[PDB]
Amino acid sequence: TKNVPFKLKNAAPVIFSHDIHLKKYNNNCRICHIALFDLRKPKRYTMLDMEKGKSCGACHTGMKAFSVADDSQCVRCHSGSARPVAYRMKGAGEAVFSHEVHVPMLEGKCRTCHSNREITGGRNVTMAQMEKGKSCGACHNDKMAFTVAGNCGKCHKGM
């Protein structure tokens, strides 16, 4: 009712709850209204934007409330990681990214990717660009993880 849902394409929504913030600021709506949240035609701020001080990040910095830049504090807002993301493109079977595989493999880290503009800042990145270190390529280069230059079947289906 007073809980606002922030829907995400590949994960459960993050739910902003007024109750706990009101008990915190003593119903002073002025703290967050028409200053922090214009709530008129907002974009979908990214976590990096929040790290810059936008959205929830205007407070969740570590000083006032837990920071949005803490791998151990993501659970404070997000329930989990996400559901398996399926990538579609012409020329190969669906490429699938799973967290069940990766997170437990990176000691539970999250910002390694989510706060890495070279790993998340793209849209329909190609294998060429992955080779130059973009997206999956930032780690699948035979140093960190198996190279993206080959191993097609390890990521793509029907291969």
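Numbers follow the displayed sequence, beginning with 1.
Enquirer: Higher average CA B factor in the deposited record is what I'm after, so tell me if that's 34-42 or 123-131.
Expert: Comparing 34-42 with 123-131, the higher mean C-alpha B-factor belongs to 34-42.
Enquirer: Among the chain's modelled residues, which third holds the C-alpha B-factor of residue 92?
Expert: Residue 92: CA B-factor falls in the highest third of its chain.
Enquirer: So where's residue 51 on the chain's Cα temperature factor ranking, which third?
Expert: As the PDB entry reports it, the C-alpha B-factor of residue 51 lands in the lowest third of its chain.
Enquirer: Taking the entry's C-alpha B-factors for this chain, is residue 143 in the lowest, middle or highest third?
Expert: CA B-factor rank for residue 143: highest third.
Enquirer: Within this chain, which third does the Cα B-factor at residue 70 fall in: lowest, middle or highest?
Expert: Highest third of the chain for residue 70's C-alpha B-factor.
Enquirer: How does the C-alpha B factor of residue 26 compare with the rest of the chain: lowest, middle or highest third?
Expert: Its C-alpha B-factor, which the entry lists for residue 26, ranks in the highest third among residues of this chain.
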